[PDB]
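Q: Structure here, sequence nowhere to be found:
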């Protein structure tokens, strides 16, 4: 499950792959958190304005 090696070139493979996975995971996590945050904010804002407007009514 945990294999590795030590050389003067083969290591580049582990370093590249590691950086790729770590970079992708971070980009996805940040992108997901950022995108999600916006959705939540809009949901609360939209629901708040819609609920307040509906409750306020026009007749009163």
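A: Arrived safely. Residues are numbered from 1 along each chain as shown.
Q: for the nearest residue in space to residue 11 that is not next to it in sequence, phi and psi?
A: Take residue 11 and drop its neighbours on the chain: the residue closest to it by C-beta to C-beta, 6 or more residues apart in numbering is residue 5, 7.2 Å away. Just so you know, the C-beta spots here come from the backbone N, C-alpha and C atoms, and that holds for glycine as well. Dihedral pair for residue 5: phi -150, psi 170, per degrees, to the nearest 10.
Q: how deep is residue 5 tucked in, by neighbour count?
A: Per other C-beta atoms under 10 Å, the neighbour tally for residue 5 reads 8.
Q: doesn't residue 12 make contact with it?
A: No: look at residue 5 against residue 12 with C-beta atoms under 8 Å: they stay out of range, at 11.0 Å.
Q: could you say what helices and strands the strand or helix carrying residue 34 packs with?
A: For residue 34, the element it lies in under DSSP states H and E is helix 11-56. Using 3 or more C-beta pairs under 8 Å, 6 or more residues apart in numbering; DSSP states H and E as the contact test, no helix or strand touches helix 11-56.
Q: How far off centre is it?
A: Distance of helix 11-56 from the chain centroid (C-alpha atoms, centre = their mean, to the nearest Å) equals 3 Å.
Q: What of stretch 8-27?
A: 21 Å.
Q: Begin at 53 from now on, thanks
A: Yes, from this point I'll number from 53; that puts the last item at stretch 60-79.
Q: Which parts of that stretch count as buried, going by neighbours?
A: Across stretch 60-79, burial judged by 16 or more other C-beta atoms under 10 Å covers no residue at all.
Q: start to end distance for stretch 104-112?
A: One end of stretch 104-112 to the other measures 13 Å (C-alpha to C-alpha, to the nearest Å).
Q: Centre of the chain to it, how far?
A: Here stretch 104-112 shows a centroid-to-chain-centroid distance of 37 Å under the convention C-alpha atoms, centre = their mean.
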